[PDB]
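For reference, the structure is listed below as structure tokens.
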Amino acid sequence: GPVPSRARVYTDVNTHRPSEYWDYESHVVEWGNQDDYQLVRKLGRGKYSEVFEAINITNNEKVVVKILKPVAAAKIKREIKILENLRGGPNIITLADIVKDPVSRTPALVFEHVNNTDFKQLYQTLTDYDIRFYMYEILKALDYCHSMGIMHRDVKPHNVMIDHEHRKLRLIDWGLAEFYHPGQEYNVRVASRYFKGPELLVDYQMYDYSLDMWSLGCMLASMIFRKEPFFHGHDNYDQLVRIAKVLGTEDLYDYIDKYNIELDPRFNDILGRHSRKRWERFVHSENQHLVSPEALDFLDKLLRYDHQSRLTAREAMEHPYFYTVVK
Ligand SMILES: Nc1ncnc2c1ncn2[C@@H]1O[C@H](COP(=O)(O)OP(=O)(O)OP(=O)(O)O)[C@@H](O)[C@H]1O
Ligand SMILES: COc1ccc(C)cc1-c1ccc(CN)cc1Cl
């Protein structure tokens, strides 16, 4: 069957720490007082929660309340444990409290509020310098959570809050996050379609932190090339074909051969034969201001089929693309 895989970094973090750290089912939730929070306006609703802007009436500060839907209410302890483990980490959203919502009768997570600049506004106006600056801030969050034995598994622009006025970034929505345990087979139905790593698309379950680095590369590619999303698949199968049209099919076959993966036979009639395209093919007069040889080299080192060959977050922080960013 498939050849096993393990991360090249932070493999022993969970075994080294006490069981109480990663054994989220044994965690006893410390409930706060729901009356401390007055809901102001509904910000959104997904398949897993309803999100509200609120006021913490004990200090009059703005907060965000995520009232979990019963479908999410099963794996609530995992999100809570991850948020508590990562609390205070660089660019990690702060979990301020956990309360029982009086209406839904489910847990409601209370987070610090971030005055998030419009996504269209950020996508359309971030300069070359700002992209480098914010990419470095995301890497601080990813290296922290990976160093803490956790993979986010849903890295995408909607999960990155940016308060552009205060040059403040937060990585949010830890609902899909998991503890990395070497040799564990994980569910491949994670991340959003356009950000799914090839490991997910070929059904390779023994993945790790490096899945987040692929998703980060997808964000960077869309941003520097002005191509939203970069890999625009119609479904999960066409998603791999879109990747193969850029990275080529030869390296895809080398990847599946290395891990002894057998592609779904439905790929035989859609994948075709494609060479790798040089990153400069995507440069044009409307994106040339965001592209540089350093940006292309950095992107090249993230967007690799082989999850073990991608830069780790800490290696990525060493890249020449960030030399211009003030530290
Ligand atoms: N800590 C926070 N501070 C401010 N706003 C937040 C915070 N956490 C979540 N939000 C906002 O809550 C809203 C809820 O929207 P929703 O649940 O539909 O997610 P989303 O951003 O649309 O992501 P997706 O693309 O997965 O739908 C979003 O507009 C998001 O920006
Ligand atoms: C493709 O987007 C991004 C790509 C790269 C970087 C550094 C940031 C972003 C980015 C992150 C969050 C938001 C707002 N939710 C908006 C944007 Cl444009």
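Numbering starts at 1 and runs along the sequence shown.
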Is there a donor in the side chain of [X] and an acceptor in the side chain of [Y], or the other way round, less than 3.5 Å apart?
{"X": "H27", "Y": "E84", "result": "yes"}
{"X": "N115", "Y": "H166", "result": "no"}
{"X": "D143", "Y": "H146", "result": "no"}
{"X": "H16", "Y": "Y21", "result": "no"}
{"X": "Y186", "Y": "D208", "result": "no"}

So, are [X] and [Y] salt-bridged, with charged N and O less than 4.0 Å apart?
{"X": "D238", "Y": "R193", "value": "no"}
{"X": "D264", "Y": "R266", "value": "yes"}
{"X": "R170", "Y": "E112", "value": "yes"}
{"X": "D173", "Y": "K66", "value": "yes"}
{"X": "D163", "Y": "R167", "value": "no"}
{"X": "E25", "Y": "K77", "value": "no"}

Got a sec: does the [atom1] of [X] have more than 12 other heavy atoms crowding it under 6.0 Å?
{"X": "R314", "atom1": "CZ", "answer": "no"}
{"X": "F133", "atom1": "CZ", "answer": "yes"}
{"X": "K245", "atom1": "NZ", "answer": "no"}
{"X": "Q124", "atom1": "CD", "answer": "yes"}
{"X": "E250", "atom1": "CD", "answer": "no"}
{"X": "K301", "atom1": "NZ", "answer": "yes"}
{"X": "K227", "atom1": "NZ", "answer": "yes"}

Is there a side-chain contact between [X] and [Y] in this structure, where contact means two heavy atoms from C-beta onward sitting under 4.5 Å apart?
{"X": "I93", "Y": "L171", "result": "no"}
{"X": "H284", "Y": "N287", "result": "yes"}
{"X": "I172", "Y": "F111", "result": "no"}
{"X": "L252", "Y": "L247", "result": "no"}
{"X": "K277", "Y": "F282", "result": "yes"}
{"X": "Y321", "Y": "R132", "result": "yes"}
{"X": "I57", "Y": "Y37", "result": "no"}
{"X": "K100", "Y": "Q34", "result": "no"}

Would [X] and [Y] show up in the same hydrophobic cluster when neighbours are defined by side-chain heavy atoms closer than 4.5 Å?
{"X": "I76", "Y": "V65", "value": "no"}
{"X": "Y24", "Y": "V13", "value": "no"}
{"X": "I67", "Y": "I80", "value": "no"}
{"X": "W22", "Y": "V190", "value": "no"}
{"X": "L311", "Y": "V246", "value": "yes"}

Assert yes or no for the condition that the ring centre distance of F119 to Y123 is strictly below 6.0 Å.
no
Answer yes if the ring centres of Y207 and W214 are under 6.0 angstrom apart, and no otherwise.
no
Do you know which two heavy atoms are closest between [X] and [Y], and how far apart they sit?
{"X": "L216", "Y": "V155", "result": "N-CG1, 4.3 Å"}
{"X": "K62", "Y": "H113", "result": "O-CB, 3.3 Å"}
{"X": "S222", "Y": "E228", "result": "OG-OE1, 2.9 Å"}
{"X": "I224", "Y": "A295", "result": "CD1-CB, 4.0 Å"}

Measure the acute angle between the ring planes of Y180 and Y209, then classify it against the limits of 30° and 60° as parallel, tilted or perpendicular.
tilted
Taking the six-membered ring for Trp, are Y255 and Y259 parallel (under 30°), tilted (30 to 60°) or perpendicular (over 60°)?
perpendicular
If you apply the rule side chain to side chain contact (heavy atoms under 4.5 Å, CB included), what do you find for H152 with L176, and how did you get there?
CA-CA 7 Å; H152 184 279; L176 284 195; over 6 Å; no
Side-chain polar contacts of residues 198-206 - donor-acceptor pairs under 3.5 angstrom, sequence neighbours left out - could you list them?
residue, atom, partner, partner atom, Å
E199, OE1, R310, NH1, 3.4
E199, OE1, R310, NH2, 2.8
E199, OE2, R310, NH1, 2.8
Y204, OH, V3, O, 2.6
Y204, OH, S5, N, 3.2

Can you tell me how far [atom2] of [Y] sits from [atom1] of [X], rounded to the nearest 0.5 angstrom?
{"X": "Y144", "Y": "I150", "atom1": "OH", "atom2": "CD1", "result": "8.5 Å"}
{"X": "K140", "Y": "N91", "atom1": "NZ", "atom2": "CG", "result": "6.0 Å"}
{"X": "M151", "Y": "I82", "atom1": "CE", "atom2": "CD1", "result": "9.0 Å"}
{"X": "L220", "Y": "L303", "atom1": "CG", "atom2": "CG", "result": "8.0 Å"}
{"X": "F267", "Y": "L240", "atom1": "CZ", "atom2": "CG", "result": "4.5 Å"}
{"X": "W174", "Y": "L109", "atom1": "CH2", "atom2": "CG", "result": "14.0 Å"}

Is a side-chain donor or acceptor of [X] paired with a backbone partner of [Y] at a separation under 3.5 angstrom?
{"X": "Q308", "Y": "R8", "result": "no"}
{"X": "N159", "Y": "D154", "result": "yes"}
{"X": "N187", "Y": "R189", "result": "yes"}
{"X": "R78", "Y": "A177", "result": "yes"}
{"X": "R276", "Y": "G248", "result": "no"}
{"X": "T106", "Y": "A73", "result": "no"}

Between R87 and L95, does a side chain to side chain contact (heavy atoms under 4.5 Å, CB included) hold up when you go through it step by step?
CA-CA 7 Å; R87 195 155 49 204; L95 176 63; 3.9 Å; yes
Would you check, one step at a time, whether the test side chain to side chain contact (heavy atoms under 4.5 Å, CB included) holds for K69 with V71?
CA-CA 5 Å; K69 281 195 186 183; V71 65; 4.3 Å; yes
Honestly, is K258 close enough over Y305, meaning NZ or CZ under 6.0 Å from the six-membered ring centre and within 45° of the axis?
no
Both conditions, 6.0 Å and 45 degrees, for the charged tip of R153 above the ring of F195: are they met here?
no
Partner of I162 by side chain to side chain contact (heavy atoms under 4.5 Å, CB included), out of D130, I138, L122:
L122
Should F322 and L139 be marked as a side chain to side chain contact (heavy atoms under 4.5 Å, CB included) after you check the CA-CA gap, both sets of side-chain angles, and the distance that decides it?
CA-CA 11 Å; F322 303 111; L139 289 165; 3.5 Å; yes
